[PDB]
Amino acid sequence: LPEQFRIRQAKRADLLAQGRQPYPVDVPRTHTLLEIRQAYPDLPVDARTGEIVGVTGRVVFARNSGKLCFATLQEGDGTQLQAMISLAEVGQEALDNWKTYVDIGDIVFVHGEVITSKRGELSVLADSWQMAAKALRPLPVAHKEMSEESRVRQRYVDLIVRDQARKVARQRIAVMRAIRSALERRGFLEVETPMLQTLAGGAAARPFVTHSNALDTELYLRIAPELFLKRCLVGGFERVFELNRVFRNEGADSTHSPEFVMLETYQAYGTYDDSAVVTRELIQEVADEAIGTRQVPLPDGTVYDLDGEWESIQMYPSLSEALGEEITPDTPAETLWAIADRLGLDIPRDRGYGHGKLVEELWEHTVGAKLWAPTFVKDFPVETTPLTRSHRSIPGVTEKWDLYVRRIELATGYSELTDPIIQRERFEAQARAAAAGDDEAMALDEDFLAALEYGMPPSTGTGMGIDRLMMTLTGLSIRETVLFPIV
Ligand SMILES: C[C@H]1CCC[C@H](C[C@H]2Cc3cc(O)cc(O)c3C(=O)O2)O1
Ligand SMILES: N[C@@H](CCCC[NH3+])C(=O)O
């Protein structure tokens, strides 16, 4: 209500004018609420510990009584501790000022003795209090459920009233630190590649376009750091990774956010067989450090098993077994069109899709849509993997694996294409498909090609959406894993 806004304004202006400071520069804070609970786990009722402390906390519940005022204080992590304002300890005016100015939502400083109530509630028997932050907007009423849209628009309020919001936010922080600790112990170095690029590449997505005033030209927010992380391989970096933001200006839904966080690792003198092992162990180690179990709990009550080895299937024979028909890279595109036409699959015909795109959409409808447990699918068509090296022995296939978890693409990994001549052909075929109506096709990068011509060692690289890693570990939506998603 707007009347409650001016009521809290009058309390603030009256407090400020009368010499009291509703927003002081500091308060003699000596203890947190958490260390007081840990220092006194069990205490009998009516106990005077004698420990004189000075604590702070947001008032989330207040109960007025004649000579004794009760108030529940809550600090940042959710730890709670009761405040006791009695006439016998704070005096008359300090008691009356508490009833006059303190409202629910205010951040207050309370100095006193750690005691337990007659009911056994661990409290701080105050002898003097002070306003730390006079709140002008009251917190939502108790158990007034915040809508899903309100939780995003006001995450700061969501972190005060909902314990699930604090746990998920602290879980994401633990995941980001677990990824760094797990990669750094393997010899990987975290590097930084530019987010403002002159030509967006390294993935298949539409970029954000902006204007530079220093260069007087159009720049692009990066969709992937792949092309610049490959420059580090040519430069000498053997084990390198980047864990930061990427911008893909496309549609947003339950699994896509235009601004999101990725992980890209690159390991010299290793193949995609080695990167699939690192990615599996990394995810399993992140689950241990951030959740405490590889059988993670899901919001529906079920438990998802992430431990042990994971199934690895090849894409062409898995589609062959699912169809009951031999499908090879030699299978003509017209055959795959007729197979997709019989299956009722809707694939656009004005986009220049050929053999490679048809096998991908056929595998998803027959194999990918049925997976649930962590499963790798490897050996992809050459047309849909421009930055991936051809297979060492199987013709027509490339050395790329895809990691699906609960019907969600979590990670990918290539045996990196180091041949500059073949890489130029891949770019020519991509720009060929873009001229055929494929807006997702990549563009030829002369600067990246020139970097390859100096010699890039045989290496393997990975990519993983950290936001989808949070969805895998927690089961929450993609917007719930972000503190402030711009929606
Ligand atoms: C870095 C990549 C490679 C591994 C799979 C995963 C795909 C990626 C696609 C993608 C595109 C997009 O526009 C918005 C998004 O949030 C994502 C995402 O989370 O996942 O992450
Ligand atoms: N650039 C890839 C991730 C790296 C793949 C391995 N080189 C992507 O955005 O999907």
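Index from 1, following the sequence. Atoms considered below: every heavy atom in the structure, side chains included; atoms not considered: hydrogens, waters and symmetry mates. Indexing begins at 1, ligand by ligand and atom by atom, following the structure's order.
- With ligand atoms numbered from 1 in the order given, ligand 1 contributes 3 (C), 4 (C) to contacts under 4.0 Å with heavy atoms of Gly463.
- Assignment of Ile223 to the shell around ligand 1 is not supported, since no heavy atom sits closer than 4.0 Å.
- With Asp103 as reference, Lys134 is the one residue of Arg58, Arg12, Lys134 to meet the salt bridge (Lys or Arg N to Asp or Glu O under 4.0 Å) rule.
- Using a 4.0 angstrom heavy-atom cutoff, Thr412 counts as in contact with ligand 1.
- A salt bridge links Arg177 with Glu289; the closest basic N to acidic carboxylate O contact falls under 4.0 Å.
- Close approach of ligand 1 to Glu409 is summarised as follows: ligand atoms under 4.0 Å from at least one heavy atom of the residue are 5 (C), 7 (C).
- Proximity annotation for atom 13 (O) of ligand 1: of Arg248, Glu226, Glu264, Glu259, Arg248 comes nearest, heavy atoms only.
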What are the distances between nitrogen or oxygen atoms of ligand 2 and protein nitrogen or oxygen atoms, counting only those under 3.5 Å?
{"unit_1": "ligand 2", "atom_1": "1 (N)", "unit_2": "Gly202", "atom_2": "O", "d": "2.6"}
{"unit_1": "ligand 2", "atom_1": "1 (N)", "unit_2": "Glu226", "atom_2": "OE1", "d": "2.5"}
{"unit_1": "ligand 2", "atom_1": "1 (N)", "unit_2": "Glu264", "atom_2": "OE2", "d": "3.0"}
{"unit_1": "ligand 2", "atom_1": "7 (N)", "unit_2": "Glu226", "atom_2": "OE2", "d": "3.2"}
{"unit_1": "ligand 2", "atom_1": "7 (N)", "unit_2": "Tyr266", "atom_2": "OH", "d": "3.2"}
{"unit_1": "ligand 2", "atom_1": "7 (N)", "unit_2": "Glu416", "atom_2": "OE2", "d": "2.8"}
{"unit_1": "ligand 2", "atom_1": "9 (O)", "unit_2": "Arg248", "atom_2": "NH2", "d": "2.7"}

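- Side-chain polar atoms of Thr79 and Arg37 form no donor-acceptor pair below 3.5 angstrom.
- Of the N or O atoms in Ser257, one or more lie within a sub-3.5 Å distance of an N or O in ligand 1.
- By the 30° and 60° cut-offs, the orientation of the rings of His391 relative to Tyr272 is perpendicular.
- Among residue pairs with one or both ends in residues 442-452, those qualifying as side chain to side chain donor-acceptor pair (under 3.5 Å) are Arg424-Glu446; sequence neighbours excluded.
- The one candidate from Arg389, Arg392, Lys378 that meets the side chain to side chain donor-acceptor pair (under 3.5 Å) condition with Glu399 is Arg392.
- In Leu263, neither the side chain nor the backbone holds a heavy atom less than 4.0 Å from any atom of ligand 1.
- For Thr255, the closest heavy-atom approach to ligand 1 falls below 4.0 Å.
- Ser415 and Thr271 form no side-chain donor-acceptor contact under 3.5 Å, judged by distance and modelled atom types alone.
- At a heavy-atom cutoff of 4.0 Å, ligand 1 is contacted by no atom of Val246, backbone or side chain.
- Between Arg351 and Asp438 no salt bridge is recorded (no basic side-chain N to carboxylate O distance below 4.0 Å).
- Annotation: side chain to side chain contact (heavy atoms under 4.5 Å, CB included) contacts of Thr472 (sequence neighbours excluded): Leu306, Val405, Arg406, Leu410.
- Taking 4.0 Å as the cut-off between side-chain N and carboxylate O, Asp77 and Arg170 do not count as a salt-bridged pair.
- Residues forming a side chain to side chain donor-acceptor pair (under 3.5 Å) with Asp288 (at least two apart in sequence, or on another chain): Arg294.
- Only the side chain of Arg468 comes within 4.0 Å of ligand 1, counting heavy atoms alone; its backbone N, CA, C and O stay farther away.
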